[PDB]
Each structure stands twice: as structure tokens, then as C-alpha cells.
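Below you'll find only one chain, the form solved without geldanamycin (GDM), shown as C-alpha cells.
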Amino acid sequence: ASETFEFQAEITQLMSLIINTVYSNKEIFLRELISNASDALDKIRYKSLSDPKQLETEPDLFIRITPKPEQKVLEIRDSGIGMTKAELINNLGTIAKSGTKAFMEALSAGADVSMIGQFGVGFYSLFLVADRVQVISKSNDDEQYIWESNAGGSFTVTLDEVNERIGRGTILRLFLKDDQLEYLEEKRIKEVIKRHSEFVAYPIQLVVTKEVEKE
């Protein structure tokens, strides 16, 4: 089953600005998504203190970044609290309304795009380097769903019947723009992660496939 909903106006407006902005420091997108992942892990960590059984679906708390060159895709995974179908819709398509409107207002007044996280809508910074995104989430309270959007004013939510089933958490599958493929490179990804992830209290794993070279 697949359902389509429309973003609140202000969210669609910010996604348009961001997906076409010229900004010269797009690497900030990773810092924002790592921050959100850290937040999602904290939520499950907290909940598990009194409800340890909640971790059993996925015992390990981590953030995993997996570049997928063949598909020009970059996946940012966390074993956080995840999102139910209802949460994906609300959290990503509606509740950010006032944040994106305030941020849009700040940008017009001259603020730098890097301030996005300060307005709680850092999530949309992904469109700085991707023209499409699939958010695959598995919450202990629901089935695995796929939320998708190419910044067209609307988004769809589909019961996951194609992706690998995860124990618990969220995956942000970024379909990178053709001129932003540097973010598939281990070296570049590494440099960006180390630049702002000192605070992160969970392991940040990088999954890379490399053909054994030589001396």
C-alpha cells in the first residue's frame, strides 16, 4: 500500500530553496543528519532504561554510513527509536512547518544556510546534495515503511516490501545529485565526519568496499 500526502506550504518552500541554492559548503548536510541520528539513538536509549525489552529488536546503538557507488546513493543509518507510519508523515511532512517558515524568514534576512539546524529543520539540508530521498524506518511500534520525496511538494509512504528488513531504526537513503558524488568517497566522508562528530556518544561506522590494490 502506498499513500501520498502534501507537505505544509512552508516546508515545500524551504525544500525548493535548498534544492536549488548555490551554497558552497554543502558538506554541512552530514553534520545535520548525524545530529538527528544521535537524537534518535538517545530516544531509544532513554526508553530502554525502564523498558530494556525495547532494545531486543536491535541490541546495538549505532550510526552507520554506507556509500553505494553503483547507485550513486549514500545511506545514513541509525538504530534509534525509528518512526511509525504516522510519525514519518507528521515528523517529516507536517510538524516542521513553523521551523521552515522561521528559517526561510531568516535566510531572506541574510542568515547563512548553515544555521538550518538551529531551526530544528536540519533534515531538509540533505537536498543540498540529493535530489531525492528514501527514508526507511522501523519502529518497535509499527511495520517497516518507506517515506519518499523528490522535493515536489508531496511525499509518499509505502509499506516496505523491497528493502532489507532492519531490526529497528532509520535509514536515510540519499540519491546524490550528479555533481555531488564526492560524498561516496571514503576519504571525503571521513574528513567530513571527524570535523564535527566529536560529541557523538555512539559509534559511527563507515562501510566501504574496496578492491584490494597493491604496494
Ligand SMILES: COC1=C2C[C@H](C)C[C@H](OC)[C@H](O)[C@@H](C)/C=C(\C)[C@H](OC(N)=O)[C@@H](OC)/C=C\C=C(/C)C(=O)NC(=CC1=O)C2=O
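Residues that one form lacks are left out of the comparison. Sequential numbering from 1, following the sequence displayed. Rigid core: the largest C-alpha set superposing within 1.5 Å between the two forms.
Quick one: say whether 56-64 or 30-38 has the higher mean Cα B-factor in the deposited entry. Mean B over CA atoms: larger for 56-64.
Higher mean Cα B-factor in the deposited model: 115-123 or 68-76? The deposited B-factors put 68-76 ahead on the C-alpha mean.
Based on what the PDB entry reports, which of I171, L174, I146, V162 has the top C-alpha B-factor? Reading the PDB entry, the winner on C-alpha B-factor is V162.
With respect to the C-alpha temperature factors reported in the PDB entry, which of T100, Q134, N140, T94 ranks highest? Answer for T100, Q134, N140, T94: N140, with the highest C-alpha B-factor.
Lowest, middle or highest third: where is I204 by Cα B-factor in its chain? Tercile = middle for this residue's CA B-factor.
Split into thirds by Cα B-factor across the chain's modelled residues, where does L14 land: lowest, middle or highest? According to the entry, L14 has a C-alpha B-factor in the chain's middle third.
Splitting the chain's C-alpha B-factors into thirds, which one does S2 fall into? Answer is highest: the recorded C-alpha B-factor places it there.
As for the form deposited with geldanamycin (GDM) bound, it is not shown, yet the points below apply to it.
Would you point out which of 64-72, 50-58, 185-193, 170-178 contains residues with a non-hydrogen atom within 4.5 Å of geldanamycin (GDM) in the bound PDB entry? It is the stretch 170-178.
Would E87 count as a contact of geldanamycin (GDM) in the bound PDB entry, using a 4.5 angstroms cut-off between non-hydrogen atoms? Taking the distances in the bound PDB entry, the answer for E87 is yes, it comes within 4.5 Å of geldanamycin (GDM).
Would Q144 sit within 4.5 Å of geldanamycin (GDM) in the bound PDB entry, counting heavy atoms only? No, no contact at 4.5 Å.
Contact test in the bound PDB entry: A130 vs geldanamycin (GDM), heavy atoms, 4.5 Å: So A130 does not count as contacting geldanamycin (GDM).
Would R165 show up as a contact with geldanamycin (GDM) in the bound PDB entry if we use heavy atoms at 4.5 Å? Contact with geldanamycin (GDM), no.
Who in 114-134 is close to geldanamycin (GDM) in the bound PDB entry, meaning a heavy atom within 4.5 Å? Those in contact are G120, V121, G122, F123, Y124.
Out of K72, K85, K97, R77, I need the residue that shifts by 2 angstroms or more at the Cα between this form and the one not shown, core superposed. It is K97.
Give me the residue ranges between this form and the one not shown where at least 3 consecutive Cα atoms each move 2 Å or more, fitting on the core only. Moving stretch: 94-98 alone.
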